[PDB]
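Only one structure is covered here, and it is reproduced in the block below.
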Amino acid sequence: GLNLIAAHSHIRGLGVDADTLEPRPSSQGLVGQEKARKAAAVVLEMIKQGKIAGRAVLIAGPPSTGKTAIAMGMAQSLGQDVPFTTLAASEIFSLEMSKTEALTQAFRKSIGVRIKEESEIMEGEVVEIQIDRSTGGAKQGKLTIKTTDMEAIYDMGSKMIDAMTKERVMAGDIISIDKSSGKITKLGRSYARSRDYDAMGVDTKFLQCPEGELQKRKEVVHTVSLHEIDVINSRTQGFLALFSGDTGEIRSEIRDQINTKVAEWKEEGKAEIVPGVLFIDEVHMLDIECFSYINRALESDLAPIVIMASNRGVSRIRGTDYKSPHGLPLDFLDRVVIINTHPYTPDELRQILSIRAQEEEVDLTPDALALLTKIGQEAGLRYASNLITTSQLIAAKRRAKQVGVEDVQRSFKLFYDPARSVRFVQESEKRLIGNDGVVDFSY
Amino acid sequence: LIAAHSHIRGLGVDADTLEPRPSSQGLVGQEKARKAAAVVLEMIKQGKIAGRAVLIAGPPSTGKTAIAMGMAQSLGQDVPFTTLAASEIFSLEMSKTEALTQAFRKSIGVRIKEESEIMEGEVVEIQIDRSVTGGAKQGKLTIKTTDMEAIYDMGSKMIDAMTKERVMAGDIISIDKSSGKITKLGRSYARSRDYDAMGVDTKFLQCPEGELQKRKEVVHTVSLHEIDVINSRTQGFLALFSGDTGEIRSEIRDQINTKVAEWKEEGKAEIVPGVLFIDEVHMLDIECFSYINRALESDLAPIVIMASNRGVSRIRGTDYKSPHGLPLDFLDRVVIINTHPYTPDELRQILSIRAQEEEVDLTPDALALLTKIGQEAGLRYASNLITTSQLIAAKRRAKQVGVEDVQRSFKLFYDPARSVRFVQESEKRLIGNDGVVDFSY
Amino acid sequence: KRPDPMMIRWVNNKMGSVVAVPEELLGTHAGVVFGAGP
Amino acid sequence: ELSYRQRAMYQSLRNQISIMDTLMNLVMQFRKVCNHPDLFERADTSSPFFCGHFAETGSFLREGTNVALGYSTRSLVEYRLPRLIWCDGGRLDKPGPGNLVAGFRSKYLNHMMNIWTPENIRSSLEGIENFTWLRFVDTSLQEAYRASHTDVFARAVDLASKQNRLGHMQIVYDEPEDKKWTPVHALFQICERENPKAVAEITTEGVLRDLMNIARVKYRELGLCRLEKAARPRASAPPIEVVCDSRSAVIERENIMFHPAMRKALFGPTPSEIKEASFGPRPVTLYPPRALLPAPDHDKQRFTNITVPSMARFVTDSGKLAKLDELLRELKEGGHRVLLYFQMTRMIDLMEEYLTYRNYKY
Amino acid sequence: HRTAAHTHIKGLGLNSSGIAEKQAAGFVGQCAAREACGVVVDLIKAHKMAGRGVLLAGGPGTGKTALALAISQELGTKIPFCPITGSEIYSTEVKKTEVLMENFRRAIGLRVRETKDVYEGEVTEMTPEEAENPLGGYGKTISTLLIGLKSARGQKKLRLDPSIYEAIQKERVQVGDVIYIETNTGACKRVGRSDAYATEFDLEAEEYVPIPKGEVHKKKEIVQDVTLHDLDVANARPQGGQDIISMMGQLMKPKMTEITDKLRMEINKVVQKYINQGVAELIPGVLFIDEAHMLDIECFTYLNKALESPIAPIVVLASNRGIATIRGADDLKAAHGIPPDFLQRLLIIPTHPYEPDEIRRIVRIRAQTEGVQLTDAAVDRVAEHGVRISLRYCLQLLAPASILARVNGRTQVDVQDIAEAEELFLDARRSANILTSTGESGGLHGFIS
Amino acid sequence: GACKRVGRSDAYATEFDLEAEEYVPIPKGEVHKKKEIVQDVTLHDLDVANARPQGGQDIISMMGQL
Amino acid sequence: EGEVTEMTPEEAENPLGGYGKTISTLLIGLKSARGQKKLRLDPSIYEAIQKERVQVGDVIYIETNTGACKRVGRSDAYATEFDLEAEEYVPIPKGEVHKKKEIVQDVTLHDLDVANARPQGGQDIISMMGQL
Ligand SMILES: Nc1ncnc2c1ncn2[C@@H]1O[C@H](COP(=O)(O)OP(=O)(O)O)[C@@H](O)[C@H]1O
Ligand SMILES: Nc1ncnc2c1ncn2[C@@H]1O[C@H](COP(=O)(O)OP(=O)(O)O)[C@@H](O)[C@H]1O
Ligand SMILES: Nc1ncnc2c1ncn2[C@@H]1O[C@H](COP(=O)(O)OP(=O)(O)O)[C@@H](O)[C@H]1O
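Protein sequence lines, in the order shown, are assigned to chains A, B, C, D, E, F and G.
Mapping to this note's numbering: the first sequence position 402 is 405, numbers consecutive.
Mapping to this note's numbering: the second sequence position 93 is 94, numbers consecutive.
Mapping to this note's numbering: the third sequence position 18 is 37, numbers consecutive.
Mapping to this note's numbering: the fourth sequence position 274 is 283, numbers consecutive.
Mapping to this note's numbering: the fifth sequence position 9 is 11, numbers consecutive.
Mapping to this note's numbering: the sixth sequence position 62 is 66, numbers consecutive.
Mapping to this note's numbering: the seventh sequence position 41 is 985, numbers consecutive.
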């Protein structure tokens, strides 16, 4: 489909025993990281429980240690029931809005208003439409519709006859009508009438006739974020800015009104509030102004849980000239509990490579899997994982049905790991442009 | 007016051998550089090769701009020559990269030919019908040669033009049918007398002869940038001139590149690639240089010429120095021309040309003294003293600039080096780099 | 063909020019300029 | 050689020689495209990809001779909102039950406690008070109030009615006796009362008039208003819409997205209004009173991205036809009418279309 | 036709087995890198993978960009090849991560079948019908138009929605015109006058066109190539409706906008419908980020998330720099100018300097590509540069030497014409000596520091 | 002076068998109600309302950009 | 220029068939402070008068490069015609009834830049929104 195979495609969840929060040694595509997966599951539990507001969790550990994978596993194990917002910290440096506004909108996106509503929908196959159009138009008309269980005839009001003519509704068409709006969606063409559709090309699909009553109440459960309500109220087509962007800085008094109204809907029982998650990937790309805003944004009642990942050691905080762990100021780190990811053992690399060789359509011979495991220890999990794809493509060039050591050796030879890449750089320093701008082009 | 380079009227080389003459077309000396620029000039005219970056290098003065202005004169009007100061690139309305993209695409012409059709005749009658309270208008034009009469129906756009032009019977008019523009050429009848406020009586003309319609092949040259602007928009094509154009999307340019190739295969258009001259090129950033270097590599890239005064000098936007202030991996793609400071006899010949261009009759000793000043103060200063001495001579009604006028001009106006000493001799009274100053006597 | 009810017609030639007004516009406000208002 | 249109399709289909065999079927379509590409795929009027929903006609035979064309065009991107948000008071500006604030707040912030209301202005109209200048700006308290409450579009429609009378005064009240007279209630409109633009339009030597139109003239003289479009958007879509299962949403969609006053202003007076205004006993000022939609800058492409295939494009799309066109013009001057023989019968139809374009005769 | 730096490159010059022929398709050498670029072409043509990163690593002038343009030719015209420099990312209109997303989605293509459902005919009647509204102040409104269309196969009368009459009106349609109406968009085109009453005596310069052959109602189908970014831009700046927003949105100045993830996600749903309907082929392509060292640590940290997207193109970086300071991160030095976080994601194709005989071969390939017929002693002369001077300086001399030879009346370039070219047109190093010797002291004739 | 169409009364729900219309029960309390609401605004709200046309006064705001 | 003393059609010698009205000249009287003139105008000025709503006692000018007319306002000689009328009155032109003058215009080239790059008089919605 339109989803291709990607680095996290094998992550199907968090892989944790829901009855105990005990991490299974592997399941759902996660291998090892047990203590981190347990902690992320305790966070997952209190996300679903909703009662706790505005806690920040940092996931800290070396690169390629499963920090994003654990974040993806939580998103896959929350699903649609909870808003999940993913933010690269690079994203808030907008030219449309100040970074605290962008960071506000991200917090607003992570709280859902859940609104439960009903409508009568009428659905069936058009048996015939008569419209007289009596110079003039839309004067009078009759509609016959059937399911497999019933047939009925309707006199149409004139603004419904406009809708029918607007949708060019025809005998044999399977339609739904939402009654209160009066919109008509043509779900398809009935197969029994296929002969009538002489203008439709042979690529046209057909459907069986609907089933049950012509009319029923269908309940829709909308969830709309606080950010969407904020943007809707900004201007006469405010929602149109939810797509194009081009929201301004939304005025604070609009948000404060909306918070009061959402508290009314909660107290009136018309809506539920559904606290989500904001995941800030590589949070160290934020600067000292951002962290100061976050500190008090987390103290709001309508704050999500915030989950964060950092590669960084003791490192220079952006927008200042001093260093702190993770590159995060200690005053912010005071508000944050930290989950650590550790490096993988060779058998865990073997398992992750196996899983990655299941998600990609690749057969590894046992010696090729052993060699990729050895390469994974020497050159890192990510590089050996990129040799999997390379080896399959080389094997297919030699038309092999399974990837052999020869294909992995060709991969290792053709594509350098980071360490050999650095060593190549440390040897080529006269041909590569130095930090001084100096370079020699002669042989 | 007379400007700094108005005497430059070409490159001054033999068109056959590309040998530079020691002085012609207003250029003097620089023979090695003028021959090099003549080889570049020929490979500009040949069009065959895209994307050559030639840097003209030298100390201040020594004619690097004068050489580039000599090239522009020798190409004539037809080949594009986009002069750009490198400080123009730092727009607030667009990025430096977009500003460079536009400057490149301004330097490639598309030369498009069309067959217009035109009319030439005496108006015998006009009828116009107008809807009261506006809207529709209708009319008929009856128009005449010595050899034809015909009645043409008119639409609103034409009736607007006819009434704006105040067309009347007995006018001679021409109509470009393709563009719809009208011009009155004159009148064959007298101006009437029955009405007032009829206005000016234009040129008398005999009635046009022959057929009313004539086909007319015409050719228009437009930049790739001008095609870009009008194809990125539905409306607002004044952005060709006001500069309101934003950062144009690359999908539009990719389409235009494909279509202009197709128009060339169709024979609809000739592509006429020209020159982008980036003066003061050392003023670009590292980000600009790392764009030009790969912008050059495209088939529609112009030939880029540059000038720099800089020595081993800091590159803007980075921490380190390089020759010309230009990155080494940029200069890798450049062939460099070096201009050399002039000798006294070269100075004398240039100053004679400047004097002749300004129409100033120097005495021989004034030219000698201006040459001596030229050696020690510089060619620009010695040039500035020519016009100054002419004015001083006019105060004393002198028919020629004497030595006294050049000495009087030298006295009143300081050269740079003398001004630097004047600054050093008054370090207490000028504002220092510390901001300190003493105002007292 | 009887002329259009609302197209006023100007014509100019060697004899100078004239304006002719539809019979439907005489007795309208558009006739007032011509001496033929309501 | 082959025209680029031929060359592209020919290369893509002769590439199948590497894939399959069918050779006879392939070389038959070699002969097709090498005769004229419109035998293989006819060039026909075309437009960008439409990223939207529309109602398809299911049958032509059932359609009949009279048919109602509704505007069916809708976005496939489709923003479902509950009526609790979109209709029942989640829009803060929309008064009703629930939204008890909006009705109060509209009256008090826009009228009672609004400084531009005439009663408030009138209390601030002297001395050092903040509307002191309103005597000398040409607006009344009513026009100031209007201009502070109506949006830029509505205000621009109101500008369409007005006469630049201060520019005419510049032509008439010239002389020392006229003292450069200005109505004292327009005293502060200095730059309207003194502006070369008015004078340049009345002087008979149009020198400064032409110097002020240079850009628009040369744009037109370059033919950029008539040259074919070299690009257009590859996809096109209608606006995204809210979808709400309520009637108020459908009304409010029609009120905003198909706004009658904006549309009427752009497209001008309705034909019966023109009839009433022209046959009336006394003059009447129409609304708006003219079509305020601008002239399109491209005098041929106008306001749509639809291309029509040119016959010159058709001529040059076949290398044989492009080469034959010179030979046929030579043969015409050689005294021969067109007489040709074809291995593909459909090529005779294209030549009849070619000859009915050229108006040369068989 | 015009000759440029890479006109001689035609492809990677691999065997069917994927080994590089030592001189093929314009290349000389780089065989291991050309073989690695072949396996990348295989990774692209096999649609299965998203968001893999490749780095072409190697000093300036080692053919890194020739390799990327060779990939662009092995993929052919169907696959989207999207080249950018790292210096194109700093827009003034929108954040630089927007430009990256636009380029990521420009590098994913879609070929989609489209049915255009249209009416074509000579307008034979046009009759508006209108209502006196209640006092909204704008007056009467047209309620509908009745229009008669005539084609060769008879005629039809259309009662148009007034929204479509506004298209007809802004198209300045008249009775007796030939028009095209597109029921997809409600859009209109005036094709011309009829060839009926096509008398010559119009000043209007009308195009008279024949009556449409066939039925007056038609339902043609055409195949459209679009990118995902084309859909984003269409839906963010709507312009295909006849509504007021679409209308005014054609009058406003065009400007780029920070298209939301929300829009992009919902266009994935729309395009996946086209796939499930069988009307579209998804054809993912490649983004070539040249000069990737000109990116910054915010760009690179965004690319982390962007490559993890469940659809993303292949990204090919190129860099020419050693251990260098990361831009926007003056505290951090790393190899290639790429952050150590991001470099772990890539497969590095290192690229190596050429040997002197390879330079000789390249000089001869390049000479005959430019049409410079060049003697063997002249080839040897030019190939002494490239060893002693950059390779690029060799190739740039070929055109001056050609001009000088032909000015000397020669049919072909001798050693003399190069030795003159060497003198008129200096390399950077000889010019750098002129600077250091002339600017050895300041003065009137010194170079400015 | 605020007013809203709540819907169509369901006493007319069978005026047709299908119409694009929303039918609501008749109001079942008093036709007239009086209630006192203590409204709060701020001086900034008065600024914003007086600085520019707000809400339904400015429909062209739907264009964005300028 | 002047106050309109009169407007009066001249009936044509040769009326066009089917129209019944045909005017060969429109005569207008214009008074200035310094005199008045009987002015014979091409009847096409009817279009300007009817659009501009020129009346007797209005102050207008005729420009000879178009033959059109523009209305400055009603002459203040009529300021007492009503207890209320919704226009301000303007003085009778204090010059000659006919002006032919050389005029010298101070212009900078920057004025030509702006006047070309942002035209001022445009009557469409985008121009008029632009000038707001
Ligand atoms: N415990 C794990 N189980 C399964 N896959 C993993 C695990 N850890 C990492 N991966 C995979 O290996 C790659 C690198 O891990 P990632 O989570 O991206 O590390 P980081 O986020 O710290 O850079 C990703 O493709 C990820 O899906
Ligand atoms: N060879 C020359 N012949 C004629 N005039 C020259 C020559 N060289 C310089 N000039 C004139 O002297 C002045 C300085 O030269 P210019 O080209 O401005 O030097 P730069 O390289 O600093 O731009 C200009 O007025 C230029 O016209
Ligand atoms: N292996 C090769 N075979 C043929 N030509 C080459 C080869 N490598 C480089 N070139 C040519 O040499 C010039 C410089 O190469 P380029 O790709 O610009 O290097 P880089 O991009 O690394 O600076 C270009 O004209 C290129 O086409």
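From the three backbone atoms N, C-alpha and C, an ideal C-beta is built for every residue, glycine too.
In chain order, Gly-13 place their CB closer than 6 angstroms to the CB of B:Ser-25, counting only its own chain and leaving out the 5 sequence neighbours on each side.
Within the same chain, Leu-435 come within 8 angstroms of A:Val-428 by CB-CB distance, once the 5 residues on both sides are set aside. Not one heavy atom of ligand 3 is found less than 7 angstroms from the C-beta of E:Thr-5. Sequence-distant Cβ neighbours of A:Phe-209 in its own chain, meaning closer than 8 angstroms and more than five residues away, are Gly-191, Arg-192, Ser-193, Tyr-194 and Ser-197. By the beta-carbon neighbour count (other beta carbons within 10 angstroms, threshold 16), A:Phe-110 is buried. Between E:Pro-130 and chain A, the shortest Cβ-Cβ separation is not below 8 angstroms. For E:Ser-443, no alpha helix (DSSP H) encloses it, and the DSSP letter there is neither H nor E. Of the residues E:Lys-172, E:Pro-341, E:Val-318 and E:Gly-53, the one whose Cα lies closest to the Cα of E:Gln-244 is E:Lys-172. Under the three-state reduction of DSSP output, A:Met-159 falls in the strand class.
The secondary-structure analysis by DSSP pairs G:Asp-1002 across a beta bridge with G:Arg-1018.
When secondary structure is reduced to three states using DSSP, C:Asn-32 falls in the strand class. Nearest neighbour of E:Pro-130 by Cα position, chosen from E:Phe-302, E:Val-175 and E:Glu-122, turns out to be E:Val-175. For A:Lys-269, the uninterrupted alpha helix (DSSP H) run begins and ends at 255 to 270, by DSSP. B:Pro-61 has its CB nearer than 7 angstroms to a heavy atom of ligand 2.
Across the region 423 to 444 of chain A, CB contacts with chain E closer than 7 angstroms involve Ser-424, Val-425, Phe-427, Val-428, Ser-431, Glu-432, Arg-434, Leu-435, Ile-436, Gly-437, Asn-438, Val-442 and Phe-444, in sequence order along the chain.
Spatial neighbours of A:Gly-322 in its own chain (CB-CB distance under 8 angstroms, excluding positions within 5 residues in sequence) are listed in chain order as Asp-290, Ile-291 and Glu-292.
Linking E:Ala-403 to E:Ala-48 through their CA atoms gives a straight-line distance of about 46 angstroms. Pairing D:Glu-65 with A:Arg-171 gives a Cβ-Cβ distance under 8 angstroms. Using a Cβ-Cβ cut-off of 8 angstroms, B:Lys-33 counts as an interface residue toward chain E, since at least one Cβ of chain E sits closer than that to its own. Within its own chain, the residues whose Cβ lies closer than 6 angstroms to the Cβ of B:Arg-349, once the five positions on either side in sequence are excluded, are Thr-372, listed in chain order. Using a Cβ-Cβ cut-off of 8 angstroms, D:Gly-277 is close to nothing in chain C; its nearest Cβ partner there is about 16 angstroms away. Classified as exposed, A:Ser-137 has fewer than 16 neighbouring CB atoms from the shown chains inside 10 Å of its CB. Contact between the region 16 to 32 of chain D and the region 289 to 299 of chain D is absent, with fewer than three C-beta pairs closer than 8 angstroms.
Close to A:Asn-389, with beta-carbon spacing below 9 angstroms, are these residues of chain E in chain order: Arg-54, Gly-55, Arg-347, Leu-348 and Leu-349.
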